[PDB]
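Every position in the sequence shown, counted from 1, becomes a number in the authors' numbering once 318 is added.
For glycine and all other residues, C-beta sits at the position ideal for the given N, C-alpha and C.
Inspection log for the structure reproduced underneath, given as structure tokens.
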Amino acid sequence: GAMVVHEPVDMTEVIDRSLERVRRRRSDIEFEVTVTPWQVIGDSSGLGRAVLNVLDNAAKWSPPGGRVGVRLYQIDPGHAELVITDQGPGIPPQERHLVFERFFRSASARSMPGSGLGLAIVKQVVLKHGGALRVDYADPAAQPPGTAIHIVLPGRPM
Ligand SMILES: Nc1ncnc2c1ncn2[C@@H]1O[C@H](COP(=O)(O)OP(=O)(O)OP(=O)(O)O)[C@@H](O)[C@H]1O
Ligand SMILES: [Mg+2]
């Protein structure tokens, strides 16, 4: 099967590389980045693909001048949580079980080119690294509430 890469991965570099790519596509977005140093054992290319796919969605559905939050904090001795947030329409509660399935398309989000594979890839990468993920509103009290993608990754503080 596909090569299984199991090497130390600096998540600060993974996120910084992913951000460089997407800042090009939407230079108006205010990316608010708060990343605690975190090392994951795995596949830097796969993790980079997963973070870029989430950042790409956050940018696509960001309003002009929108803020995208990119936050990674340790939550216990062996895990950290990456939360990527936008000020887009958000994904409503009833759809949150189609998110991460191939070919999902939200009726709340404006139709854009893309065939609905990015988040299925994210789920695969995160599971292959022993993580977990979920979707929620970024700020339920705000209009619009935005989407928050939450990714928990095992690893260690650097
Ligand atoms: N941050 C977000 N804000 C609003 N809607 C989102 C967001 N992220 C994902 N979605 C919705 O979930 C769908 C699935 O997302 P996903 O990234 O898997 O597919 P895509 O972006 O349409 O295509 P691809 O990622 O394959 O280019 C999107 O088409 C969109 O309806
Ligand atoms: Mg996508």
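Buried/exposed call for residue i, threshold 16 Cβ in 10 Å
i	result
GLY396	exposed
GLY319	exposed
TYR455	buried
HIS415	exposed
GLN461	exposed
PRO463	buried
Close-in-space but distant-in-sequence residues of the same chain around residue i (CB under 6 Å, 5 per side omitted)
i	result
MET476	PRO355, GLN357
Paired residues, beta bridge with residue i - DSSP
i	result
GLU325	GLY360
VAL401	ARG389, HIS468
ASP454	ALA466
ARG474	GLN357
Residues near residue i by beta carbon distance below 8 Å, same chain, minus five either side
i	result
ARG474	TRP356, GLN357, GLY396
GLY360	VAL323, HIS324, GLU325, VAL327, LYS446, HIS447
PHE422	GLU413, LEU416, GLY434, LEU437
Same chain, Cβ closer than 7 Å to residue i, neighbours up to 5 away in sequence not counted
i	result
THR330	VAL353, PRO355
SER424	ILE409, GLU413
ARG344	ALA377, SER380
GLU419	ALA438
Please list, in chain order, all residues with a C-beta atom less than 7 Å from at least one heavy atom of ligand 2.
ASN371, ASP374, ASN375, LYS378, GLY432, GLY436, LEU437
List in chain order: all unbroken alpha helix (DSSP H) runs of 4+ residues lying wholly within the segment 353-398.
362-378
Identify every run of the beta strand (DSSP E) within the segment 331-356, keeping only runs that are complete inside it and at least 3 residues long; order them along the chain.
348-353
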